[PDB]
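**Q** Attaching a single structure in structure tokens format; questions to follow.
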Amino acid sequence: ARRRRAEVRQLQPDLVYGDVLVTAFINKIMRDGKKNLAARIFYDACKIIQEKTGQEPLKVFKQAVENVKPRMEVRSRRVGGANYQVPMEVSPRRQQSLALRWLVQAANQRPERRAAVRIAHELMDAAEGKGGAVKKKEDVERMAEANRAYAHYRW
Amino acid sequence: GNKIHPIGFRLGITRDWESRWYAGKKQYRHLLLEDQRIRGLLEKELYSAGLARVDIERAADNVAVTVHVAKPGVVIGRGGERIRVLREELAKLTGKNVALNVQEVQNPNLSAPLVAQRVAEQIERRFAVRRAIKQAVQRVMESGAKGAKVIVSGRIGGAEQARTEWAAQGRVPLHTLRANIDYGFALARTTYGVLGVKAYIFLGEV
Amino acid sequence: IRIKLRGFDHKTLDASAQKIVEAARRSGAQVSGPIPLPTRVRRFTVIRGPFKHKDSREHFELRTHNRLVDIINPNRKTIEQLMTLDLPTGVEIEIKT
Amino acid sequence: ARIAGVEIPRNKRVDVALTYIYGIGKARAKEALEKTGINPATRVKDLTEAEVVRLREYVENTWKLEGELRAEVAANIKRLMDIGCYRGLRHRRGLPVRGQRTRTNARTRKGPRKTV
Amino acid sequence: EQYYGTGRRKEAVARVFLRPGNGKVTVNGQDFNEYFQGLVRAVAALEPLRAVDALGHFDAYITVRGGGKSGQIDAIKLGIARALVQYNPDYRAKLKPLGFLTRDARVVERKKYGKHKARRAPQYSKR
Amino acid sequence: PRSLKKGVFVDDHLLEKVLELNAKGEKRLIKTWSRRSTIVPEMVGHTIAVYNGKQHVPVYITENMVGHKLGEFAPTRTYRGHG
Amino acid sequence: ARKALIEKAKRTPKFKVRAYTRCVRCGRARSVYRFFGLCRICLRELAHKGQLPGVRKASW
Amino acid sequence: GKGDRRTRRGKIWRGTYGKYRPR
RNA sequence: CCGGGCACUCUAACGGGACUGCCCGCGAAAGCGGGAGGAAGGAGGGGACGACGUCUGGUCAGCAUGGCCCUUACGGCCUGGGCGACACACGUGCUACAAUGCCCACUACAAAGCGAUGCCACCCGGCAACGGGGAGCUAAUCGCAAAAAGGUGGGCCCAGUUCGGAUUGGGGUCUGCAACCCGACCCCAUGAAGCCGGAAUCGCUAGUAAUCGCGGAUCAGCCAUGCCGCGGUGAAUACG
Ligand SMILES: [Mg+2]
Ligand SMILES: [Mg+2]
Ligand SMILES: [Mg+2]
Ligand SMILES: [Mg+2]
Ligand SMILES: [Mg+2]
Ligand SMILES: [Mg+2]
Ligand SMILES: [Mg+2]
Ligand SMILES: [Mg+2]
Ligand SMILES: [Mg+2]
Ligand SMILES: [Mg+2]
Ligand SMILES: [Mg+2]
Ligand SMILES: [Mg+2]
Ligand SMILES: [Mg+2]
Ligand SMILES: [Mg+2]
Ligand SMILES: [Mg+2]
Ligand SMILES: [Mg+2]
Ligand SMILES: [Mg+2]
Ligand SMILES: [Mg+2]
Ligand SMILES: [Mg+2]
Ligand SMILES: [Mg+2]
Ligand SMILES: [Mg+2]
Ligand SMILES: [Mg+2]
Ligand SMILES: [Mg+2]
Ligand SMILES: [Mg+2]
Ligand SMILES: [Mg+2]
Ligand SMILES: [Mg+2]
Ligand SMILES: [Mg+2]
Ligand SMILES: [Mg+2]
Ligand SMILES: [Mg+2]
Ligand SMILES: [Mg+2]
Ligand SMILES: [Mg+2]
Ligand SMILES: [Mg+2]
Ligand SMILES: [Mg+2]
Ligand SMILES: [Mg+2]
Ligand SMILES: [Mg+2]
Ligand SMILES: [Mg+2]
Ligand SMILES: [Zn+2]
């Protein structure tokens, strides 16, 4: 807000992987403050991304995450009388947030019926470079590229 | 109009109740009702005397009414006369052991509702309201008081345009709870309508 | 010997719960100490002003505290001196066996 | 149009399939499965013709269904409307019968809004 | 013989007893994993002992009252951490950087008049 | 509605007036203020003027209208439509 | 329609359902607390005065 | 289905009992 | 459960404890940044608390009150009706549109309160609303009372559906003199709109939002999905 830069909340590490990054992904799945249900679905996905592909879920998950991180985004700023889509770098804190949110949102677009499955399948295709989350990243990345001419309007 | 009643803000802190007793669920209403009729009876009669507080205590089917007043004689009567004369009328309505005492008022100018009633009475007598308040605050502070504030509201002097006039001196910390402040209010009926008088006296901070 | 103390005021309840336990522990013999029973609270919610103004309320409450004391080794050495005990007005007392 | 005048949905469990008949809810469905001794969890595409003809015969004889049930509901309202009772007025102006407010809402009895 | 600490969380309170053995754990007359089955957060109640590598050195007979399952879990996490500094006062280190020594005072905030909850204000529309 | 454990409700003062007419030779108009009263098998054939707050409605009683109240057949609200 | 009502409230009804609490102080038909016999308006008036045993402003 | 009286959840919401939520 | 014990937990009163007190650093001071100790650190979180005044704000309908008005009535009493109307229009809400779901069964963990023509354990008749009995308790004893989400399991398989519960038919329960207008509740049948909402627009910064149940006042009963409270689970984000 106005006064001072607020403090970032560090999440209590997950009990299956001891990972602060995994905890975040969990919370974005959490509807209605029902974390336990969100815990299953994600861990269930760890089960699924093991069966349909014999390797470490944490390795699947984390690599999938990196492939969704946008390095450049466009933030609107109506200078003069027109709305300019100013290109901006994305801080790692936001790169994390946007990748995770999109990753879960991309999951909820898929046609597979169980939540456990979708999370797996998106995380599966994400590390392999596909999936709606990576589609959104590439989009937002080209938009900032397209508007490279407004580099001098950056804050 | 935003300020809180300064009495209820201090109950159990700097000010003590005026009906001190326990009662279960099924009797509270009936006992309180009598406490209203009794106050109703006395405050009606004892204005002449200069009523300051009507304390009430209870045990079983009996009640001690400790009545503070500046003129004990108007309460006492001729030799002990009136003090009992009411006690029969009192116990007529009460129908029980009415222990009707009379307590001294050390300084009547350090009694808020007394100061109020006085001023309210004065303005029923066409008295200079601007003056009247300035005097009461002046008399209260001479009585060694630590603070004083007096407010009069309504058709002051008979003017069709209503006006709220006030005066204060020393300290009157209404935001403090440890600050002991007496408050009293009196209604001044006239030919042109109701006038309201409030009194704020700051005795001392405990 | 079951003395139960009910009152709107605990400063008088605990003060009287002193005077009671003091007397029978003096005049023999055993009194099981003053236990502070949980207080029963009757809260009232009221609209501040007389007309409309719904979203402005004031909070009131009525706190009937409770105390309990026992006399373990009774004996009528106490049964008359307790019968002569200066009880405040804001308190109700019960006796049992 | 197997039973009872309606052809109940195949590939669905026999208990729910009966609810697609006018006159039968889940309740009368739980009933006819004991009273005929048929497994509620099996599909209708898996019903024995024996199990069929029994469930059919029972249900058509124990309860009033389709057109007849619709007939009495109609007959019940027709009279209420004709005697001139309040219940009849509300059926004749198409307004809510069960004492609801009519200042707002009531959209199911009236139909879509006719603005002004 | 016995090592004790009081653990509390919101409305939950935990009395916990650490007594050496094979590593058994019991909560309210029930086995730990039995009273906390299907809750992932339960593995965090056994957290402080892992900060001092005493996983199976102590057993635990624990009761718990008030609050909820995960509230009760944090109370447990506090009392078994409490009990360690009584068994080993030199265990203050490597248990406080993990902050296990402290009790988080965050409780359900009061519902206010004029709001639907503690802060959720009723929706409004001027013109 | 009214519990079957209790009785079929007529105001009695009206039920009285009905029976007296059946004996002495029916029938004339009945001014009543009992909308809460149940129509009853003895009331059949008469014509009872039921007050709705403003006027008494001339109501012929038949067989098909037995279980209802007298008030259902005397409308309380005036309404001819909108606009 | 006030004084004939504050007196109609006192007398016993023809049926028990017709019993309704009025404020024993001012006669207010609405918001009447059984425990005091008072309406929320009078309740707040006396409680501030201190003329209500034990009754004090709540805070938590 | 906090509004459907013919369910467990529905009678909970109403605060009532019956065949579908017995005691 | 009994002996026993007050340890613990609690209960409810009285105290302690936080003061930038202490180290490093920047400072003219006040302070600010960081460290330690410590349950808590820089107002620890919430409440109570609202300056002179503003709005000729609201309230003659809670009450008071000047004055103006009515007098077989503009007073008063009663029966019925209305305040619940309905071509429509707005605000605040409830329940939804479903698979992070819905249903059935079994199994857990709260807090605050209330309760003598009052709460009603248990028992038996009814699918049930309930009804008959009947134990206890002026209640840290007895009861409302099950917390619900959660948990183990089984069903449903993407369909206007086992989603959704409106509307209507019918049979009943309860209160109350009396449920036509015009009560709630129960059971069978009926199973509407609704596939996430145009322009527009509201709230919330941490135990918060979201979501789940629970109690109280008023009150015969109840149109409470309202209000005032209480715990359970429990986020995202603040560049500026
Ligand atoms: Mg996206
Ligand atoms: Mg509101
Ligand atoms: Mg059907
Ligand atoms: Mg209705
Ligand atoms: Mg209507
Ligand atoms: Mg487990
Ligand atoms: Mg809450
Ligand atoms: Mg508004
Ligand atoms: Mg009149
Ligand atoms: Mg009057
Ligand atoms: Mg009534
Ligand atoms: Mg009332
Ligand atoms: Mg349903
Ligand atoms: Mg002790
Ligand atoms: Mg600071
Ligand atoms: Mg302050
Ligand atoms: Mg004006
Ligand atoms: Mg008036
Ligand atoms: Mg006037
Ligand atoms: Mg009416
Ligand atoms: Mg109205
Ligand atoms: Mg609503
Ligand atoms: Mg909603
Ligand atoms: Mg359909
Ligand atoms: Mg449709
Ligand atoms: Mg359906
Ligand atoms: Mg019907
Ligand atoms: Mg009705
Ligand atoms: Mg669909
Ligand atoms: Mg939704
Ligand atoms: Mg919408
Ligand atoms: Mg804020
Ligand atoms: Mg829900
Ligand atoms: Mg509720
Ligand atoms: Mg209640
Ligand atoms: Mg009620
Ligand atoms: Zn009143």
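Simple scheme: letters A, B, ... for chains in structure tokens order, numbers from 1 for residues in each chain, numbers from 1 for ligands in the order shown.
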Hey, which residues sit close to ligand 17? Say within 9 Å, counting only C-alpha atoms (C1' of nucleotides) and all ligand atoms, and write them as number ranges by chain.
**A** I: 56-58
**Q** Could I get the residue neighbourhood of ligand 30 at 9 Å, counting only C-alpha atoms (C1' of nucleotides) and all ligand atoms, as a PyMOL selection string?
**A** chain I and resi 96-97+196
**Q** Could you turn the residues from that selection into a file that holds N, CA and C atoms (P, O5', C5', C4', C3', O3' and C1' of nucleotides), as a PDB file, in the first residue's frame?
**A**
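The resulting again_26.pdb:
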```
ATOM      1  P     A I  96     -26.716 -24.665  -1.896  1.00  0.00           P
ATOM      2  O5'   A I  96     -26.895 -24.138  -3.391  1.00  0.00           O
ATOM      3  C5'   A I  96     -26.281 -24.784  -4.494  1.00  0.00           C
ATOM      4  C4'   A I  96     -27.159 -24.692  -5.718  1.00  0.00           C
ATOM      5  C3'   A I  96     -26.452 -24.689  -7.061  1.00  0.00           C
ATOM      6  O3'   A I  96     -26.088 -25.982  -7.490  1.00  0.00           O
ATOM      7  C1'   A I  96     -28.082 -22.983  -7.033  1.00  0.00           C
ATOM      8  P     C I  97     -24.546 -26.329  -7.760  1.00  0.00           P
ATOM      9  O5'   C I  97     -24.461 -26.358  -9.349  1.00  0.00           O
ATOM     10  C5'   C I  97     -25.406 -27.101 -10.107  1.00  0.00           C
ATOM     11  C4'   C I  97     -25.919 -26.318 -11.293  1.00  0.00           C
ATOM     12  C3'   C I  97     -24.879 -25.913 -12.325  1.00  0.00           C
ATOM     13  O3'   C I  97     -24.590 -26.973 -13.222  1.00  0.00           O
ATOM     14  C1'   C I  97     -26.282 -24.060 -11.832  1.00  0.00           C
ATOM     15  P     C I 196     -22.105 -21.112 -18.549  1.00  0.00           P
ATOM     16  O5'   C I 196     -21.904 -20.010 -17.415  1.00  0.00           O
ATOM     17  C5'   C I 196     -22.928 -19.059 -17.125  1.00  0.00           C
ATOM     18  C4'   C I 196     -22.594 -18.203 -15.925  1.00  0.00           C
ATOM     19  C3'   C I 196     -21.130 -17.793 -15.792  1.00  0.00           C
ATOM     20  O3'   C I 196     -21.068 -16.502 -15.194  1.00  0.00           O
ATOM     21  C1'   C I 196     -21.776 -19.003 -13.877  1.00  0.00           C
TER      22        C I 196
END
```
**Q** Could you report the residues within 10 Å of ligand 2, using only C-alpha atoms (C1' of nucleotides) and all ligand atoms, as number ranges by chain?
**A** C: 53-56; E: 113-116, 121-123; I: 92, 226-227
**Q** Neighbours of ligand 32 at 10 Å or closer, counting only C-alpha atoms (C1' of nucleotides) and all ligand atoms: which residues, as a PDB file with N, CA and C atoms (P, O5', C5', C4', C3', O3' and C1' of nucleotides), in the first residue's frame?
**A**
```
ATOM      1  N   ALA A   1       0.822  -1.209   0.000  1.00  0.00           N
ATOM      2  CA  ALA A   1       0.000   0.000   0.000  1.00  0.00           C
ATOM      3  C   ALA A   1       0.861   1.266   0.000  1.00  0.00           C
TER       4      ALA A   1
ATOM      5  N   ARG E 119     -14.893  -8.418   9.682  1.00  0.00           N
ATOM      6  CA  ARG E 119     -14.503  -7.359   8.748  1.00  0.00           C
ATOM      7  C   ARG E 119     -15.362  -7.270   7.477  1.00  0.00           C
TER       8      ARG E 119
ATOM      9  P     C I 204     -14.179  -3.782   3.455  1.00  0.00           P
ATOM     10  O5'   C I 204     -13.128  -4.964   3.625  1.00  0.00           O
ATOM     11  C5'   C I 204     -13.366  -6.018   4.544  1.00  0.00           C
ATOM     12  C4'   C I 204     -12.549  -7.231   4.197  1.00  0.00           C
ATOM     13  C3'   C I 204     -11.054  -6.994   4.061  1.00  0.00           C
ATOM     14  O3'   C I 204     -10.380  -6.947   5.310  1.00  0.00           O
ATOM     15  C1'   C I 204     -11.822  -8.250   2.215  1.00  0.00           C
ATOM     16  P     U I 205      -9.031  -6.083   5.474  1.00  0.00           P
ATOM     17  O5'   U I 205      -7.991  -6.824   4.527  1.00  0.00           O
ATOM     18  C5'   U I 205      -7.562  -8.148   4.822  1.00  0.00           C
ATOM     19  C4'   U I 205      -6.068  -8.202   4.985  1.00  0.00           C
ATOM     20  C3'   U I 205      -5.482  -7.108   5.880  1.00  0.00           C
ATOM     21  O3'   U I 205      -4.387  -7.654   6.605  1.00  0.00           O
ATOM     22  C1'   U I 205      -4.468  -7.018   3.761  1.00  0.00           C
ATOM     23  P     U I 208     -10.228 -14.419  11.480  1.00  0.00           P
ATOM     24  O5'   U I 208     -10.711 -13.413  10.340  1.00  0.00           O
ATOM     25  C5'   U I 208     -10.571 -12.007  10.501  1.00  0.00           C
ATOM     26  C4'   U I 208     -10.105 -11.347   9.227  1.00  0.00           C
ATOM     27  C3'   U I 208     -10.806 -11.790   7.952  1.00  0.00           C
ATOM     28  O3'   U I 208     -12.020 -11.085   7.743  1.00  0.00           O
ATOM     29  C1'   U I 208      -8.456 -11.795   7.625  1.00  0.00           C
TER      30        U I 208
END
```
**Q** Could I get the residues of chain G with an atom no further than 12 Å from an atom of chain I, each paired with its nearest atom pair and that distance in Å to one decimal, using only C-alpha atoms (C1' of nucleotides), sorted by chain and residue number, as a Markdown table?
**A**
```
| residue | atom | partner | partner_atom | distance |
| --- | --- | --- | --- | --- |
| G:1 | CA | I:75 | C1' | 9.0 |
| G:2 | CA | I:61 | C1' | 10.4 |
| G:3 | CA | I:76 | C1' | 10.4 |
| G:4 | CA | I:76 | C1' | 7.5 |
| G:5 | CA | I:76 | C1' | 10.4 |
| G:8 | CA | I:77 | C1' | 10.6 |
| G:13 | CA | I:177 | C1' | 11.4 |
| G:14 | CA | I:177 | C1' | 8.6 |
| G:15 | CA | I:177 | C1' | 6.3 |
| G:16 | CA | I:220 | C1' | 8.6 |
| G:17 | CA | I:220 | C1' | 6.4 |
| G:18 | CA | I:220 | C1' | 9.7 |
| G:19 | CA | I:220 | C1' | 9.9 |
| G:20 | CA | I:219 | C1' | 10.3 |
| G:21 | CA | I:218 | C1' | 10.6 |
| G:22 | CA | I:62 | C1' | 10.8 |
| G:23 | CA | I:62 | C1' | 9.0 |
| G:24 | CA | I:62 | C1' | 11.6 |
| G:25 | CA | I:63 | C1' | 9.1 |
| G:26 | CA | I:63 | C1' | 6.1 |
| G:27 | CA | I:62 | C1' | 7.4 |
| G:28 | CA | I:62 | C1' | 5.4 |
| G:29 | CA | I:62 | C1' | 8.6 |
| G:30 | CA | I:62 | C1' | 8.7 |
| G:31 | CA | I:218 | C1' | 6.8 |
| G:32 | CA | I:218 | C1' | 7.5 |
| G:33 | CA | I:218 | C1' | 7.8 |
| G:34 | CA | I:218 | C1' | 9.2 |
| G:35 | CA | I:217 | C1' | 10.7 |
| G:38 | CA | I:62 | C1' | 10.8 |
| G:39 | CA | I:62 | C1' | 8.1 |
| G:40 | CA | I:62 | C1' | 9.3 |
| G:41 | CA | I:62 | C1' | 6.9 |
| G:42 | CA | I:62 | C1' | 8.3 |
| G:43 | CA | I:62 | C1' | 11.4 |
| G:45 | CA | I:63 | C1' | 11.1 |
| G:56 | CA | I:48 | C1' | 11.3 |
| G:57 | CA | I:48 | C1' | 7.9 |
| G:58 | CA | I:48 | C1' | 7.6 |
| G:59 | CA | I:47 | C1' | 5.2 |
| G:60 | CA | I:47 | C1' | 4.8 |
```
**Q** Write the residues of the preceding selection, restricted to N, CA and C atoms, as a compact mmCIF listing (two decimals), in the first residue's frame.
**A**
```
# COMPACT_ATOMS: atom_id res chain seq x y z
N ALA G 1 -54.49 6.82 19.91
CA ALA G 1 -54.43 5.44 20.36
C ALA G 1 -53.18 5.13 21.20
N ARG G 2 -53.11 5.73 22.40
CA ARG G 2 -51.99 5.47 23.31
C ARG G 2 -52.42 5.12 24.74
N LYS G 3 -53.11 6.03 25.42
CA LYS G 3 -53.46 5.81 26.82
C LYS G 3 -54.50 4.70 27.02
N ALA G 4 -55.42 4.58 26.07
CA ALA G 4 -56.39 3.50 26.10
C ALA G 4 -55.70 2.16 25.84
N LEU G 5 -54.49 2.23 25.28
CA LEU G 5 -53.71 1.04 24.97
C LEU G 5 -52.77 0.66 26.11
N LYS G 8 -55.15 -0.99 28.32
CA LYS G 8 -55.63 -2.25 27.76
C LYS G 8 -54.58 -3.35 27.91
N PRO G 13 -56.71 -10.52 29.04
CA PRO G 13 -57.40 -10.69 27.76
C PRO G 13 -58.56 -11.68 27.81
N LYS G 14 -59.25 -11.84 26.68
CA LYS G 14 -60.33 -12.81 26.56
C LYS G 14 -59.77 -14.15 26.10
N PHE G 15 -58.55 -14.13 25.57
CA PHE G 15 -57.85 -15.35 25.20
C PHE G 15 -56.38 -15.14 25.52
N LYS G 16 -55.67 -16.22 25.84
CA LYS G 16 -54.29 -16.08 26.33
C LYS G 16 -53.31 -15.59 25.26
N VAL G 17 -53.59 -15.88 23.99
CA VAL G 17 -52.71 -15.45 22.90
C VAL G 17 -52.58 -13.93 22.79
N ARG G 18 -53.62 -13.22 23.22
CA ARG G 18 -53.66 -11.77 23.09
C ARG G 18 -52.76 -11.04 24.09
N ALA G 19 -52.14 -11.78 25.00
CA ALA G 19 -51.18 -11.17 25.92
C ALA G 19 -49.96 -10.67 25.16
N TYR G 20 -49.62 -9.40 25.36
CA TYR G 20 -48.42 -8.81 24.76
C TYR G 20 -47.73 -7.84 25.70
N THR G 21 -46.41 -7.98 25.81
CA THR G 21 -45.63 -7.13 26.70
C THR G 21 -45.51 -5.69 26.17
N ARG G 22 -45.85 -4.74 27.03
CA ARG G 22 -45.54 -3.34 26.77
C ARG G 22 -44.42 -2.94 27.73
N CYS G 23 -43.69 -1.90 27.37
CA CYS G 23 -42.64 -1.39 28.25
C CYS G 23 -43.28 -0.77 29.49
N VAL G 24 -42.93 -1.29 30.66
CA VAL G 24 -43.56 -0.90 31.92
C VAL G 24 -43.25 0.54 32.32
N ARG G 25 -42.40 1.19 31.53
CA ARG G 25 -41.96 2.55 31.81
C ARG G 25 -42.59 3.58 30.88
N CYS G 26 -42.52 3.32 29.57
CA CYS G 26 -42.95 4.29 28.56
C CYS G 26 -44.12 3.78 27.71
N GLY G 27 -44.33 2.47 27.70
CA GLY G 27 -45.46 1.90 26.99
C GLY G 27 -45.15 1.42 25.59
N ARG G 28 -43.86 1.28 25.27
CA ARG G 28 -43.44 0.86 23.93
C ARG G 28 -43.82 -0.59 23.62
N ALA G 29 -44.63 -0.78 22.57
CA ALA G 29 -45.11 -2.11 22.20
C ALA G 29 -44.02 -2.96 21.53
N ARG G 30 -43.03 -2.31 20.94
CA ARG G 30 -41.96 -3.02 20.23
C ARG G 30 -40.64 -3.03 21.01
N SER G 31 -39.85 -4.08 20.77
CA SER G 31 -38.56 -4.31 21.44
C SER G 31 -38.64 -4.27 22.96
N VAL G 32 -39.42 -5.19 23.52
CA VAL G 32 -39.59 -5.28 24.97
C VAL G 32 -38.83 -6.48 25.54
N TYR G 33 -37.87 -6.20 26.42
CA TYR G 33 -37.09 -7.23 27.11
C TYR G 33 -37.83 -7.75 28.36
N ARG G 34 -38.21 -9.03 28.33
CA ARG G 34 -38.93 -9.66 29.44
C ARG G 34 -38.23 -9.50 30.79
N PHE G 35 -36.91 -9.65 30.76
CA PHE G 35 -36.07 -9.66 31.96
C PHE G 35 -36.14 -8.35 32.76
N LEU G 38 -38.64 -3.64 30.29
CA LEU G 38 -38.34 -2.39 29.62
C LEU G 38 -38.08 -2.58 28.13
N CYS G 39 -38.24 -1.49 27.38
CA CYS G 39 -37.88 -1.47 25.97
C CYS G 39 -36.40 -1.10 25.83
N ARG G 40 -35.82 -1.42 24.67
CA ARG G 40 -34.41 -1.16 24.41
C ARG G 40 -34.03 0.31 24.60
N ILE G 41 -35.01 1.19 24.46
CA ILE G 41 -34.77 2.62 24.65
C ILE G 41 -34.58 2.95 26.13
N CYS G 42 -35.54 2.52 26.95
CA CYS G 42 -35.46 2.71 28.39
C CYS G 42 -34.32 1.91 29.00
N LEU G 43 -34.11 0.70 28.49
CA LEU G 43 -33.00 -0.14 28.93
C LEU G 43 -31.67 0.60 28.84
N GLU G 45 -31.35 3.86 28.68
CA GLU G 45 -31.41 5.06 29.51
C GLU G 45 -30.98 4.79 30.95
N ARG G 56 -23.64 -3.23 33.12
CA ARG G 56 -22.53 -2.38 32.70
C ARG G 56 -22.13 -2.65 31.24
N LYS G 57 -21.54 -1.65 30.60
CA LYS G 57 -21.08 -1.77 29.22
C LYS G 57 -20.11 -2.93 29.02
N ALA G 58 -20.41 -3.75 28.01
CA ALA G 58 -19.63 -4.95 27.69
C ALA G 58 -18.50 -4.66 26.70
N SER G 59 -17.43 -5.44 26.79
CA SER G 59 -16.24 -5.23 25.96
C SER G 59 -15.41 -6.50 25.81
N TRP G 60 -15.13 -6.89 24.57
CA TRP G 60 -14.30 -8.07 24.31
C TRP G 60 -13.70 -8.09 22.90
```
